[PDB]
Amino acid sequence: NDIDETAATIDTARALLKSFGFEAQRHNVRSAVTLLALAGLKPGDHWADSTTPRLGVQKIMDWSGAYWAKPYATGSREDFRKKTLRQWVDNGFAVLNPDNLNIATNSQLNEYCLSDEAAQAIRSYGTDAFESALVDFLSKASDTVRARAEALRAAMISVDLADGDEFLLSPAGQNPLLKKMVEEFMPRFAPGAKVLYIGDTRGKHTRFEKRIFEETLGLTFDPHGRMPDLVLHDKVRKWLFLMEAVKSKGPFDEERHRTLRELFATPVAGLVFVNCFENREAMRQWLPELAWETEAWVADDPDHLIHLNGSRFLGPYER
């Protein structure tokens, strides 16, 4: 599944729409292709590429058939209008009849576009600006949509990736450990580092700094590849910390170490591998599998590190 949620797909469009606080019927496939059409997006595009064209229901349907392999018959026109666009318009997500022509609000001649508020939020999806942009939209939405969006977030844990940049995770799995990796490990051992990748350990939600990876570091990825749970870039030391919130899937062992050394190979930054655990008790079962030339960190003894291997440790005694 996609490491990059700035990539526009039907699946991310549905996730985006759920995130805005819509009910299931306004974040299904029909509603997803409607958003992709109203945003002017095609496979390969990213949310930042979104535009705000004006479209009638037929053209939304044509756009879906052309680019998203979801053709619709003329008889689905009413569904688009009454089961997607109506609720969007009511919540100020879409604008009905932006040309402001003198036509009935229920007419299939109406065109639609995304509101300025929805658009600014949409364009920021998958980035550190999204949550702040969304506030502006939500302040104008229906009370129920606002309540739904608020409750989804209240039931998540919040991780401070940087000043003013909170990343939300479900409370499940090793997400509490991941929060500690960011909030306790980083300030101690890599303060000021930028989070270039973090992925929900139980969900599809990620942050992926594509441009920095590609333009700064010269790195590209399998869009559906496995990643370390957390990648930090310390630009003073020119290091990438590749870090794992070790779950049943296991640690950086010898194979993963080799694989990741290749994946993240660049002359712009050296690699530091850290396997993370909630405590040494949890680390026990993975101990024999940890790759040499890696570190280990346990959240309940956060000032310490366990180093598996090198010459840097073998200096002579200085009396």
Side-chain angles (χ1 to χ4, degrees), residues 3 5 124 126-132 156-169 171 173-201 205-219 221 227-247 251-252 257 260-261 263-280 282-283 290-291 293-313 315:
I3 65 179
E5 73 172 32
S124 319
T127 78
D128 63 9
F130 181 62
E131 287 295 316
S132 47
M156 290 177 99
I157 77 186
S158 190
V159 189
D160 186 1
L161 305 187
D163 270 25
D165 184 5
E166 300 285 303
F167 184 79
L168 309 172
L169 292 171
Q174 285 306 309
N175 288 343
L177 178 52
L178 189 53
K179 167 168 166 75
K180 285 165 178 185
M181 290 158 60
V182 170
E183 286 184 353
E184 305 298 333
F185 172 92
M186 168 164 80
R188 287 176 172 73
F189 299 111
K194 189 175 243 295
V195 174
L196 295 191
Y197 179 83
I198 180 175
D200 200 305
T201 64
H205 182 35
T206 69
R207 173 75 57 83
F208 178 63
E209 299 281 353
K210 188 179 170 82
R211 185 199 55 76
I212 292 165
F213 265 129
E214 301 188 356
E215 302 193 348
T216 298
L217 290 167
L219 297 176
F221 301 84
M227 294 281 281
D229 302 316
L230 181 67
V231 176
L232 309 181
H233 183 206
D234 179 329
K235 80 179 181 178
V236 176
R237 280 177 295 188
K238 298 187 171 186
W239 292 351
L240 290 168
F241 290 79
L242 311 180
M243 310 179 62
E244 193 76 355
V246 177
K247 60 202 90 41
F252 305 134
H257 192 210
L260 294 173
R261 274 192 167 175
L263 185 52
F264 287 88
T266 163
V268 185
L271 305 182
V272 178
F273 292 78
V274 193
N275 284 302
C276 302
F277 313 84
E278 276 288 0
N279 40 60
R280 278 196 274 170
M283 180 172 168
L290 304 188
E293 299 181 346
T294 67
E295 332 300 329
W297 178 79
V298 305
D300 81 344
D301 226 334
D303 296 313
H304 295 277
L305 292 168
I306 297 169
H307 314 271
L308 297 93
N309 246 357
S311 295
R312 71 193 63 178
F313 296 92

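Positions are given from 1, in the same order as the sequence printed here. Atoms considered below: every heavy atom in the structure, side chains included; atoms not considered: hydrogens, waters and symmetry mates.
Inspection of the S158 and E166 side chains reveals an N or O donor paired with an N or O acceptor under 3.5 Å.
Between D301 and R280 the shortest heavy-atom distance is OD2-NH2, 4.3 Å. In plain terms, the two heavy atoms of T266 and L217 that are nearest each other are OG1-O, 2.6 Å. When all heavy atoms of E5 and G126 are compared, the pair lying nearest together is OE2-CA, 3.4 Å. The minimum heavy-atom distance between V159 and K179, with the atom names listed, is CG2-CB, 3.8 Å.
The shortest distance between side-chain heavy atoms of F167 and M156 does not fall below 4.5 Å. Taking the side chain as every heavy atom from C-beta outward, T206 and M227 never approach each other to under 4.5 Å. No side-chain heavy atom of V274 sits less than 4.5 Å from a side-chain heavy atom of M181. At least one side-chain heavy atom of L232 sits under 4.5 Å from a side-chain heavy atom of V195. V182 is listed as a side-chain neighbour of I198, based on a closest heavy-atom distance under 4.5 Å.
For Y197 and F213, the ring centers sit 6.0 Å or farther from each other.
The CZ atom of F241 lies 5.0 Å from the CZ atom of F185; values are rounded to the nearest 0.5 Å. For the atom pair CG (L308) and CG (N275), the distance works out to 8.5 Å, reported to the nearest 0.5 Å. With rounding to the nearest 0.5 Å, the separation of CG in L230 from CG in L177 is 10.0 Å. With values rounded to the nearest 0.5 angstrom, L196 atom CG is found 9.0 Å from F208 atom CZ. Atoms CZ and CD1, on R207 and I3 in that order, are 14.5 Å from each other to the nearest 0.5 Å. Atoms NZ and CZ, from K210 and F221 in turn, are 10.0 Å apart once rounded to the nearest 0.5 Å.
Side chain of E293 to backbone of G310: no donor-acceptor contact under 3.5 angstrom is found. With hydrogens and angles disregarded, a donor-acceptor distance shorter than 3.5 Å links the side chain of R188 to the backbone of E184. Of the possible polar contacts, none joining the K235 side chain to the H233 backbone as a donor-acceptor pair under 3.5 Å is found. Remark: side-chain polar atoms of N175 are paired, donor with acceptor, to backbone N or O of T201 under 3.5 angstrom.
With sequence neighbours left out, the salt bridge (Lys or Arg N to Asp or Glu O under 4.0 Å) criterion links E278 to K180. Residues satisfying the ring-ring contact (aromatic ring centres under 6.0 Å, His included) test with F130, not counting sequence neighbours, are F20, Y125.
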